[PDB]
Amino acid sequence: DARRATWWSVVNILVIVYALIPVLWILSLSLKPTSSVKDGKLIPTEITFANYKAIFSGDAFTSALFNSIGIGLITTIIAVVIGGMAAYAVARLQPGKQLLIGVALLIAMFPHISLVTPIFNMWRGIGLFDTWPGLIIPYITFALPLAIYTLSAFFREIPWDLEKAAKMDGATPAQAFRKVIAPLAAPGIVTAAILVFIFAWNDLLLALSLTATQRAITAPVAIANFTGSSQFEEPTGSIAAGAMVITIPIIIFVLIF
Amino acid sequence: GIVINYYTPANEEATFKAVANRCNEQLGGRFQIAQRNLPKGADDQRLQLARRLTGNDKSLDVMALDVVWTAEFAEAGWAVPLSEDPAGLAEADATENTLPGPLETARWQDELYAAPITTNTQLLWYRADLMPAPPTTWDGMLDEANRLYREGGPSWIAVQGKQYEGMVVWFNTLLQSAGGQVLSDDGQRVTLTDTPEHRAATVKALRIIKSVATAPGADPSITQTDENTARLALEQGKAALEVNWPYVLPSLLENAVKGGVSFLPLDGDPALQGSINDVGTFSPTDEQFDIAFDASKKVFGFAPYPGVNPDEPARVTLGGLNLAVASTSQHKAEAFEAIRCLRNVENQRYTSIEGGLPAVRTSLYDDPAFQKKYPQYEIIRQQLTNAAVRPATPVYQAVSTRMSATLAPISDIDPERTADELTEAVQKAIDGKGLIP
Amino acid sequence: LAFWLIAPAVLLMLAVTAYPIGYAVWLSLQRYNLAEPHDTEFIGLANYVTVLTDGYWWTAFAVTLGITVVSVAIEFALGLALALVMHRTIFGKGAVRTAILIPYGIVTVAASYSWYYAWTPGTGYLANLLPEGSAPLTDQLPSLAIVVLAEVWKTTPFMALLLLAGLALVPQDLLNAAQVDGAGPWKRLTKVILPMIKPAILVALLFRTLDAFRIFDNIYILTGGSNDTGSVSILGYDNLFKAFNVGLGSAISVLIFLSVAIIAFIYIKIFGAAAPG
Amino acid sequence: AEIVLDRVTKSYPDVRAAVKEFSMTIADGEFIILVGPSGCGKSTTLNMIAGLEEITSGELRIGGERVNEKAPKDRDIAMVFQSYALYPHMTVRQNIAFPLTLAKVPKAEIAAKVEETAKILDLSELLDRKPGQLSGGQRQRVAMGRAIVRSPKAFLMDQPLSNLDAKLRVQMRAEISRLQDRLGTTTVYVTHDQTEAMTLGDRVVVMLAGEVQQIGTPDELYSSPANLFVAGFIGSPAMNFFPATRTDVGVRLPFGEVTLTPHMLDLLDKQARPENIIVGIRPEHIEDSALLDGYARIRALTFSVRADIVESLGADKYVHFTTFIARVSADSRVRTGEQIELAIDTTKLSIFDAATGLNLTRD
Amino acid sequence: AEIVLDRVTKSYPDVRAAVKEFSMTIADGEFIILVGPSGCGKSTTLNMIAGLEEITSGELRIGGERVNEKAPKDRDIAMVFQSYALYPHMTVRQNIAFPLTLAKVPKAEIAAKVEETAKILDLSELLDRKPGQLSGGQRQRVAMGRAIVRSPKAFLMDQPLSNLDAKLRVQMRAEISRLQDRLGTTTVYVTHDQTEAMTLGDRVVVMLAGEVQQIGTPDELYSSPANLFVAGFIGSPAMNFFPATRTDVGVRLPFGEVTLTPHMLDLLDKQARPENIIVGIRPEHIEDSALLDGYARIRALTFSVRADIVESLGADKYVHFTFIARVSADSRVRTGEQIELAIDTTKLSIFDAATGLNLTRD
Ligand SMILES: Nc1ncnc2c1ncn2[C@@H]1O[C@H](COP(=O)(O)OP(=O)(O)OP(=O)(O)O)[C@@H](O)[C@H]1O
Ligand SMILES: Nc1ncnc2c1ncn2[C@@H]1O[C@H](COP(=O)(O)OP(=O)(O)OP(=O)(O)O)[C@@H](O)[C@H]1O
Ligand SMILES: OC[C@H]1O[C@H](O[C@H]2O[C@H](CO)[C@@H](O)[C@H](O)[C@H]2O)[C@H](O)[C@@H](O)[C@@H]1O
Ligand SMILES: [Mg+2]
Ligand SMILES: [Mg+2]
């Protein structure tokens with residue numbers, strides 16, 4: 001069946017290279033010596049590792065990963081465990097009113113510049129400025145609306161007959177969920193946790209407005225305010241190496257899944 | 001223990017980290033200076049400091065704030081008056097050996113709020129193999145660039161062209177060198193057109209900028225050129241004329257002994273090997289220093305800033321860094337001791353010779369070996385006698401943001417229309433009208 | 001059950017919206033400057049009548065409108081394509097799904113730097129393809145175009161994964177019946193697949209349209225505020241941390257919060273499909 | 001448990017009713033078959049009894065107490081759905097054993113009863129394959145099996161055997177009665193295929209338009225139909241019907257006249273005879289009048305007709321006629337286009353009011 | 001179009017054949033019922049002909065060409081699935097119309113054919129409800145609606161009338177049989193209801209375990225089954241079977257001897273005589289031996305057994321013995337009573353106890 005299989009393989013390769021090309025462009029810029037970072041050529045030649053060791057001769061990036069993965073995978077769970085209870089309630093019963101959906105939608109927006117404004121004033125008197133007990137609070141408030149609106153708007157649509165059959169065989173609702181809903185909602189719900197981790201680990205705008213010290217300097221802001229360690233040399237290879245080390249937890253996780 | 005966090009510009013860290021280490025060996029472990037970074041471009045340094053101050057950051061100890069912000073940070077009470085000094089020594093050490101001009105920028109309404117640590121007037125730089133002597137005037141630069149463009153060489157005139165404080169230092173330098181000024185001496189009144197002579201200066205300055213922005217074979221990236229873009233372009237050999245501050249040298253000789261410079265390869269020379277130490281400090285034996293420097297004079301050179309009018313010495317604008325103790329800090333007396341420590345004369349010497357930043361203590365102009373080791377010293381101190389100042393008001397960063405927004409993108413400037421824009425926009429900034437762009 | 005089950009979540013949410021957003025509208029009613037911490041006074045609608053009137057606000061608004069509507073239209077259209085080939089895969093078993101995650105998984109700052117260097121003249125692999133003197137980062141409409149392209153590449157898996165989840169429920173019999181009544185791929189896709197998936201597309205496209213409206217990083221790194229352009233998310237940030245006007249910067253926050261809340265209302269009211277029905 | 005229903009009623013937007021003041025009773029251990037037209041309200045009555053749907057008005061009593069608002073868990077019913085829904089991921093064993101897992105039974109005993117269910121149901125090999133591999137009647141078998149493992153107070157079933165071949169149907173039908181009797185539990189069956197109803201049904205309920213029409217035994221429903229609709233609705237082919245008029249010894253017909261038995265005349269003397277009578281006869285009572293003996297003749301009427309069409313299913317010729325099928329025995333020599341004479345024992349007739357449809361010969 | 005199948009085969013992971021090397025020929029405008037047990041190869045075959053499934057081996061020809069690779073649009077057949085799956089996103093008023101919309105039919109022409117179809121299938125009205133409002137006996141008819149709109153190369157109906165009341169079924173069985181005849185279009189159909197199959201079929205194709213068993217007009221399947229399974233599987237109740245031995249004029253039963261007609265005595269000598277033989281008869285051919293006429297009294301064997309159980313069904317009883325006799329309802333027998341039974345020698349059928357084939361097949 002070559003008429004399908006050749007086309008299908010070409011498209012399967014096309015999406016593979018399209019998902020890689022900018023990541024490979026980062027790796028090539030990272031590995032080119034300072035003589036050839038300016039060469040305008042994608043394929044690297046006469047490779048070096050100088051930029052990586054010039055980052056690792058500094059605690060800044062590791063301490064940024066060390067704290068960022070922490071806040072990211074604390075919030076990706078400790079928000080979602082409350083998000084799931086309210087999402088189940090809003091799917092099963094009527095707190096699922098239009099006003100709860102509208103409020104969750106508005107907060108889903110709560111564009112973070114509009115939230116960091118009032119917050120920054122609060123933390124002039126309240127303090128808690130550089131420690132995690134400042135950053136996580138607006139993070140988790142960004143991580144209940146997603147992990148609520150999407151979470152219910154997906155698993156509430158599971159077929160009624162299977163829910164009737166579970167009720168008729170006499171299951172208690174909160175245990176009927178784990179035995180009959182969760183095992184078949186999972187391929188449509190694994191994405192909710194991934195999208196929240198990809199947000200709670202992966203925003204600059206909060207930390208860029210609400211951190212300064214080494215305390216809680218998260219990996220995105222620790223690149224966005226960074227520029228190459230050699231003040232008298234071209235910064236691009238070091239920024240590229242920085243971007244490269246920043247990708248590592250995500251690409252390792254995607255290769256695990 | 002006790003730590004004084006010292007904030008300085010990113011691009012001023014290879015000097016400041018190594019001197020903070022020197023000072024920590026001198027203090028005897030009572031307390032330590034720890035160096036920290038603000039952003040590269042000047043306007044982003046103010047942004048990041050104003051956050052740390054406003055958010056009551058307890059870690060912030062001593063600031064290298066830019067020479068132009070002293071009025072704002074004194075008026076807001078964020079930087080201490082020097083009369084806060086727990087030992088009573090600060091106003092004396094601020095006064096005793098500095099210059100009249102550098103020490104005057106630290107005052108707002110008479111009282112000092114800071115102690116100078118660096119000062120800088122910009123210079124013209126040129127490829128000495130591509131032209132015999134640098135032109136004394138902008139029209140001469142346009143001529144040499146237009147000639148080099150016809151001749152097919154690196155004809156870019158590299159200049160600060162991004163919408164940032166840099167772009168405004170240039171405009172103030174042309175206007176003050178043409179004898180005009182942006183604001184009155186009381187800071188109350190806009191002066192680009194209170195009289196036709198100031199307008200004539202203004203439109204001439206704008207027409208110069210427009211001409212160099214539009215000339216055949218000009219840099220297509222000029223509207224995005226930082227000072228770092230300008231320096232690199234010259235280091236990449238793409239520009240034959242460059243207008244920057246007293247820097248370059250550190251990156252030049254460094255990049256040359258790294259072999260990154262096409263016209264000055266020094267990496268291939270066995271006498272210059274090992275010059276760059278493990279932390280990246282240019283540190284040759286002085287015979288190798290002289291070999292590398294003579295090899296530089298053989299191809300590359302520097303000169304006093306170009307005139308607007310023929311036979312007029314240029315009124316170059318001041319730059320610099322002023323230290324102050326931050327109002328939020330716990331370790332006030334230790335921080336005042338640290339400012340007096342970092343301002344010592346051997347660390348000033350070190351700063352200029354190992355880094356490029358011109359020190360502000362005067363006694364080094366009386367040192368012949370310093371006068372050899374920092375070749376540009378004579379023309380810096382000469383230009384400083386003639387220097388223009390940014391217009392001192394607490395309001396200033398609003399004026400810089402509104403004024404620069406009238407000019408970018410540089411190529412579109414009608415001198416009459418944009419003089420009108422400046423007279424409106426600067427008035428609007430003084431009045432505090434509208435959103436800042 | 002359900003009025004016990006919302007309690008531990010709403011307990012937090014209600015506080016972290018109510019204090020900040022209420023305090024925002026209070027601050028916007030006042031003259032207030034970060035340099036003069038308690039030395040300025042109540043001012044009514046002064047911040048509104050200024051921020052709604054100046055030219056800069058309407059450009060920074062109109063640009064986020066253009067960028068959101070253009071970037072979502074493309075992100076949607078390519079989102080279906082990535083979803084379909086991830087769902088009906090054959091030769092790309094496992095790998096076809098695995099390669100689709102990383103443009104979501106990368107940090108947006110790193111992506112934006114990569115695009116910035118990709119397009120920078122004389123030092124960018126696709127920049128080298130332009131005729132000489134082009135330098136696209138320096139000009140308004142080209143700078144919009146490259147940030148659209150950067151935003152679109154970064155966002156597409158947001159669409160494609162949600163739309164695949166929305167498609168994966170569709171029972172195969174409905175597609176067999178369409179195929180045996182002879183609806184070719186586009187006929188079924190439009191008469192069966194989209195009408196089945198309606199609610200999940202309007203959810204996905206809503207949260208994208210909001211995200212694409214409040215996006216900041218992808219224009220902050222790629223020439224932030226550079227030669228007009230910019231975005232209302234930048235304009236508000238600047239008027240707060242580099243002009244110290246709390247009165248005006250909060251008024252920008254309120255005026256965008258209302259002007260996005262009507263968009264969140266329109267896809268609930270006009271198109272109907274959302275979480276409750 | 002007992003079950004009783006008190007004018008239970010259901011209605012929907014258009015509003016229009018779907019069940020209308022229905023009342024009924026089921027003794028503990030009874031076995032009731034619901035039977036009626038397509039679309040008439042069957043599934044909804046069963047769903048409201050099961051608690052999977054909400055009654056509009058009236059009362060439902062289970063155990064003898066009222067249960068209207070009580071949830072499906074509270075009612076202890078096992079149900080098999082009108083479209084037999086299934087859990088698409090669960091392997092067959094678990095798809096069966098699931099209610100035993102809700103009961104938290106010891107796993108060895110769940111697995112044992114999972115084997116007993118598969119054996120009694122003839123789930124052919126307890127196959128443990130995805131439900132997507134057994135489309136057709138294999139799916140319907142698995143869908144029924146979950147119910148018969150539970151053995152609760154009541155079974156509620158909705159055309160449980162529909163997609164089965166005949167050898168499976170009759171085997172399953174016996175398996176249901178064995179299970180029902182061995183447990184002694186109430187069964188409320190539902191079908192519009194009728195021989196399954198008549199052989200199972202210790203009590204058949206006929207319903208039309210959301211309303212009950214007759215409640216009774218297989219014999220009462222066959223032999224004392226309450227009206228011409230139920231008379232025509234029970235059996236196959238439907239009751240042959242004719243207009244008729246009363247004589248002082250019996251009745252006129254489109255081909256002759258019948259001397260009616262004195263017992264039926266006494267019933268026809270209850271109130272009065274209508275201006276037209278619909279007489280009705282089962283097609284399978286009609287036979288070739290050449291075949292009768294004297295004991296049938298004395299109570300026969302005969303007429304000849306041309307055979308409009310003919311078929312045979314073996315046992316019987318289905319021969320068409322018009323003023324109909326005569327479902328005559330295959331012993332008749334008839335072919336289409338021949339004259340043939342049709343007769344029956346008039347003791348077997350039915351008669352009905354041409355206005356209101358009620359049976360006049362009601363025993 | 002004609003349809004022809006040669007060696008067509010399907011297999012699945014276990015690989016196990018769902019069907020093994022089926023073959024038949026169907027002329028343009030025939031009518032075929034693919035009757036068979038739950039596991040016998042049916043829906044699977046129907047999905048192969050529709051092209052919704054890979055043919056594992058063999059060849060399919062339609063309309064003068066081989067079509068194994070052509071996609072389901074290309075084949076221009078129509079079907080009603082066993083699941084009768086409707087779209088739940090369109091009122092019935094277009095869910096029936098849907099193929100006419102793909103065919104670019106004019107709006108009023110579509111509406112006319114749709115309301116004519118709606119009257120034809122006795123739909124409640126052109127009900128214009130969402131399918132979630134219907135049940136079974138409405139939903140299944142609506143699914144059949146979109147097939148009977150199309151007039152395709154062929155129809156493939158998978159259990160189409162399985163879910164309807166008997167008074168409506170026979171009306172729909174009239175409507176289908178008129179439609180196939182008026183259209184002149186090849187039709188294939190599947191059901192478990194053999195009584196609905198017999199009245200429709202020009203030809204029946206009884207199938208077991210993925211294998212075709214016998215093909216013909218019902219007459220053959222009822223009167224001349226090829227093996228014991230077909231003989232047991234067709235009819236109701238199932239065929240009675242007894243162990244037997246040959247005589248040179250007849251056969252011995254557990255309760256007597258029956259003289260055979262010379263044709264069977266010739267055929268049973270023309271084939272090799274087996275060491276064990278089984279005799280089969282329909283329950284409806286067994287009757288009260290008191291009720292006979294002279295030729296049956298001459299030709300039959302009579303024996304008596306106890307009616308251990310009894311049931312009634314109008315014209316017939318069932319009575320139980322050790323088996324069922326479907327005796328005529330003129331029999332006055334009660335439960336627990338001895339009764340004499342008889343049958344005609346010509347209606348007995350004879351089967352090999354080893355290979356299972358019918359030696360009384362003609
Ligand atoms: N979900 C529903 N919403 C609205 N009305 C409904 C619904 N289900 C059934 N009805 C109404 O009830 C009637 C059919 O009821 P019901 O489902 O009991 O029929 P049924 O006899 O079970 O069907 P079948 O012929 O398959 O046995 C229809 O006339 C319809 O109008
Ligand atoms: N997708 C599949 N994967 C694996 N096995 C399958 C699949 N589809 C069918 N089978 C197997 O092949 C056989 C095919 O069943 P077939 O279609 O012949 O029965 P049917 O026509 O559905 O009978 P009925 O309609 O009377 O239930 C089934 O018994 C099933 O176990
Ligand atoms: O001289 C080196 C300094 O360069 C930057 O400062 C520049 O910023 C403005 C011009 O763009 C002026 O205030 C100043 O004169 C310029 O030099 C940099 O911010 C400084 O850290 C450097 O010391
Ligand atoms: Mg029903
Ligand atoms: Mg089937």
# chains A, B, ... in the order shown; residues from 1 in each chain; ligands from 1
>>> residues_near_ligand(ligand="ligand 3", cutoff="9 Å", atoms="only C-alpha atoms and all ligand atoms", output="ChimeraX atom specification")
/B:8-13,38-45,64-68,118-122,160,164-170,226-228,244-247,317-321,356-358,390
>>> residues_near_ligand(ligand="ligand 1", cutoff="6 Å", atoms="only C-alpha atoms and all ligand atoms", output="PyMOL selection string")
(chain D and resi 12+18+38-44) or (chain E and resi 132-137)
>>> write_last_selection(atoms="C-alpha atoms", output="PDB file, in the first residue's frame")
ATOM      1  CA  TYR D  12     -42.363  16.298  27.583  1.00  0.00           C
ATOM      2  CA  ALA D  18     -45.802   9.790  27.064  1.00  0.00           C
ATOM      3  CA  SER D  38     -43.134   0.494  18.913  1.00  0.00           C
ATOM      4  CA  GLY D  39     -42.512   3.951  20.499  1.00  0.00           C
ATOM      5  CA  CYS D  40     -45.534   3.813  22.886  1.00  0.00           C
ATOM      6  CA  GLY D  41     -43.641   4.510  26.204  1.00  0.00           C
ATOM      7  CA  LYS D  42     -42.155   1.156  27.269  1.00  0.00           C
ATOM      8  CA  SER D  43     -38.560   2.195  27.939  1.00  0.00           C
ATOM      9  CA  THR D  44     -39.685   5.271  29.887  1.00  0.00           C
TER      10      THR D  44
ATOM     11  CA  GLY E 132     -31.964  11.930  21.506  1.00  0.00           C
ATOM     12  CA  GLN E 133     -35.797  12.280  21.765  1.00  0.00           C
ATOM     13  CA  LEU E 134     -36.509   8.965  19.992  1.00  0.00           C
ATOM     14  CA  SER E 135     -36.066   5.384  21.245  1.00  0.00           C
ATOM     15  CA  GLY E 136     -35.564   2.106  19.367  1.00  0.00           C
ATOM     16  CA  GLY E 137     -38.537   1.442  17.092  1.00  0.00           C
TER      17      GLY E 137
END
>>> closest_atom_pairs(of="chain D", to="ligand 4", cutoff="12 Å", atoms="only C-alpha atoms and all ligand atoms", output="CSV")
residue,atom,partner,partner_atom_place_in_ligand_line,distance
D:34,CA,ligand 4,1 (Mg),10.9
D:35,CA,ligand 4,1 (Mg),10.6
D:36,CA,ligand 4,1 (Mg),10.2
D:37,CA,ligand 4,1 (Mg),9.6
D:38,CA,ligand 4,1 (Mg),7.1
D:39,CA,ligand 4,1 (Mg),6.5
D:40,CA,ligand 4,1 (Mg),8.4
D:41,CA,ligand 4,1 (Mg),7.4
D:42,CA,ligand 4,1 (Mg),5.7
D:43,CA,ligand 4,1 (Mg),4.6
D:44,CA,ligand 4,1 (Mg),7.9
D:45,CA,ligand 4,1 (Mg),9.9
D:46,CA,ligand 4,1 (Mg),9.3
D:47,CA,ligand 4,1 (Mg),10.3
D:80,CA,ligand 4,1 (Mg),11.8
D:81,CA,ligand 4,1 (Mg),9.0
D:82,CA,ligand 4,1 (Mg),5.7
D:83,CA,ligand 4,1 (Mg),8.4
D:84,CA,ligand 4,1 (Mg),11.3
D:157,CA,ligand 4,1 (Mg),10.5
D:158,CA,ligand 4,1 (Mg),7.0
D:159,CA,ligand 4,1 (Mg),7.8
D:160,CA,ligand 4,1 (Mg),11.0
D:162,CA,ligand 4,1 (Mg),11.5
D:189,CA,ligand 4,1 (Mg),11.7
D:190,CA,ligand 4,1 (Mg),8.3
D:191,CA,ligand 4,1 (Mg),8.4
D:192,CA,ligand 4,1 (Mg),9.0
D:193,CA,ligand 4,1 (Mg),12.0
>>> residues_near_ligand(ligand="ligand 2", cutoff="6 Å", atoms="only C-alpha atoms and all ligand atoms", output="CSV table (one decimal) with N, CA, C and O atoms, in the first residue's frame")
chain,number,residue,atom,x,y,z
D,132,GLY,N,-15.0,-4.1,21.4
D,132,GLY,CA,-14.8,-3.8,20.0
D,132,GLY,C,-14.5,-5.0,19.1
D,132,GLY,O,-14.4,-4.9,17.9
D,133,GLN,N,-14.5,-6.2,19.7
D,133,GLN,CA,-14.2,-7.5,19.0
D,133,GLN,C,-15.4,-8.4,18.9
D,133,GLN,O,-15.4,-9.5,18.4
D,134,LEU,N,-16.5,-8.0,19.6
D,134,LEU,CA,-17.7,-8.8,19.6
D,134,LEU,C,-19.0,-8.0,19.3
D,134,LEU,O,-19.9,-8.0,20.1
D,135,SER,N,-19.0,-7.4,18.1
D,135,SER,CA,-20.2,-6.7,17.7
D,135,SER,C,-21.3,-7.6,17.4
D,135,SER,O,-21.1,-8.7,17.0
D,136,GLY,N,-22.6,-7.2,17.5
D,136,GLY,CA,-23.7,-8.0,17.2
D,136,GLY,C,-24.3,-8.7,18.4
D,136,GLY,O,-24.6,-8.0,19.4
D,137,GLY,N,-24.6,-10.0,18.4
D,137,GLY,CA,-25.2,-10.6,19.6
D,137,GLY,C,-24.2,-10.9,20.7
D,137,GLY,O,-24.6,-10.9,21.9
D,138,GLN,N,-22.9,-11.1,20.5
D,138,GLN,CA,-21.9,-11.3,21.5
D,138,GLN,C,-21.9,-10.1,22.5
D,138,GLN,O,-21.8,-10.3,23.7
E,12,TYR,N,-8.3,-12.3,12.0
E,12,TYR,CA,-8.0,-11.4,13.1
E,12,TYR,C,-7.0,-11.9,14.1
E,12,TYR,O,-6.9,-13.1,14.3
E,18,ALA,N,-12.3,-15.1,10.6
E,18,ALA,CA,-13.7,-14.8,10.8
E,18,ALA,C,-14.5,-15.4,9.7
E,18,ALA,O,-15.6,-16.0,9.9
E,37,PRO,N,-25.9,-18.2,12.6
E,37,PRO,CA,-25.8,-18.0,14.1
E,37,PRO,C,-24.9,-16.8,14.4
E,37,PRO,O,-24.1,-16.4,13.7
E,38,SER,N,-25.1,-16.3,15.7
E,38,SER,CA,-24.3,-15.2,16.2
E,38,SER,C,-22.9,-15.1,15.8
E,38,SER,O,-22.4,-14.0,15.4
E,39,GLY,N,-22.1,-16.1,15.9
E,39,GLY,CA,-20.7,-16.2,15.5
E,39,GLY,C,-20.5,-16.4,14.0
E,39,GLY,O,-19.4,-16.2,13.5
E,40,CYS,N,-21.5,-16.9,13.3
E,40,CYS,CA,-21.3,-17.2,11.9
E,40,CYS,C,-20.9,-15.9,11.1
E,40,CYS,O,-21.4,-14.8,11.4
E,41,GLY,N,-20.0,-16.1,10.1
E,41,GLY,CA,-19.6,-14.9,9.4
E,41,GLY,C,-20.7,-14.1,8.6
E,41,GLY,O,-21.2,-14.6,7.6
E,42,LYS,N,-21.0,-13.0,9.2
E,42,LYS,CA,-22.0,-12.1,8.6
E,42,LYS,C,-21.6,-10.6,8.6
E,42,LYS,O,-21.0,-10.1,7.6
E,43,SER,N,-21.8,-9.8,9.7
E,43,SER,CA,-21.5,-8.4,9.7
E,43,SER,C,-20.1,-8.2,9.2
E,43,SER,O,-19.9,-7.2,8.4
E,44,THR,N,-19.2,-9.1,9.6
E,44,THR,CA,-17.9,-9.0,9.0
E,44,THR,C,-17.8,-9.0,7.5
E,44,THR,O,-17.2,-8.1,6.9
>>> closest_residue(among="A:209, A:247, A:131, A:94", to="chain B", atoms="only C-alpha atoms")
A:209
>>> select_by_dssp(residues="stretch 220-335 of chain E", states="strand (DSSP E)", output="MDAnalysis selection string")
chainID E and resid 240:247 250:253 256:259 277:281 287:288 303:307 309:312 317:320 324:325
>>> atom_distance(atom1="atom CA of residue E:53", atom2="atom CA of residue C:171")
16.5 Å
>>> interface_residues(of="chain C", to="chain A", cutoff="6 Å", atoms="only C-alpha atoms", output="ChimeraX atom specification")
/C:2,5-6,9,20,24,92,99,105-107,110,123-125,165,210,214,253,275-276
>>> write_last_selection(atoms="C-alpha atoms", output="PDB file, in the first residue's frame")
ATOM      1  CA  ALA C   2     -21.445  19.316  45.290  1.00  0.00           C
ATOM      2  CA  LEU C   5     -16.940  19.668  46.967  1.00  0.00           C
ATOM      3  CA  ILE C   6     -16.406  23.299  45.707  1.00  0.00           C
ATOM      4  CA  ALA C   9     -11.116  25.423  46.032  1.00  0.00           C
ATOM      5  CA  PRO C  20      -6.331  42.389  43.923  1.00  0.00           C
ATOM      6  CA  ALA C  24      -7.074  47.842  41.290  1.00  0.00           C
ATOM      7  CA  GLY C  92       4.504   7.309  12.785  1.00  0.00           C
ATOM      8  CA  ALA C  99       7.522  14.926  18.391  1.00  0.00           C
ATOM      9  CA  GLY C 105       7.486  22.227  26.256  1.00  0.00           C
ATOM     10  CA  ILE C 106      10.146  24.884  25.388  1.00  0.00           C
ATOM     11  CA  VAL C 107      10.197  28.134  27.443  1.00  0.00           C
ATOM     12  CA  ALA C 110      14.196  30.743  24.453  1.00  0.00           C
ATOM     13  CA  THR C 123      23.656  36.452  11.170  1.00  0.00           C
ATOM     14  CA  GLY C 124      20.416  34.418  10.740  1.00  0.00           C
ATOM     15  CA  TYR C 125      19.881  31.256   8.683  1.00  0.00           C
ATOM     16  CA  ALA C 165      -8.726  15.227  22.780  1.00  0.00           C
ATOM     17  CA  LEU C 210      -7.457  35.141  25.533  1.00  0.00           C
ATOM     18  CA  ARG C 214      -2.500  38.886  26.884  1.00  0.00           C
ATOM     19  CA  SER C 253      -5.074  47.226  33.891  1.00  0.00           C
ATOM     20  CA  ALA C 275     -18.724  24.376  30.393  1.00  0.00           C
ATOM     21  CA  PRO C 276     -22.420  24.740  31.653  1.00  0.00           C
TER      22      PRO C 276
END
>>> interface_residues(of="chain C", to="chain B", cutoff="10 Å", atoms="only C-alpha atoms", output="PyMOL selection string")
chain C and resi 34-37+47+49-57+60+120-121+132-140+223+225-228+230+234-236+238-245+248-249+252
>>> interface_residues(of="chain C", to="chain E", cutoff="8 Å", atoms="only C-alpha atoms", output="ChimeraX atom specification")
/C:173-174,176-177,179-184,192,195-196
>>> closest_residue(among="D:359, D:336, D:261, D:223", to="chain E", atoms="only C-alpha atoms")
D:223
>>> atom_distance(atom1="atom CA of residue D:10", atom2="atom CA of residue D:48")
9.1 Å
>>> residues_around(residues="stretch 34-36 of chain B", least_positions_apart="4", cutoff="12 Å", atoms="only C-alpha atoms", output="NGL selection string")
(:A and (60 or 212-214 or 226)) or (:B and (2-24 or 45 or 48-49 or 59-64 or 335 or 338 or 342))
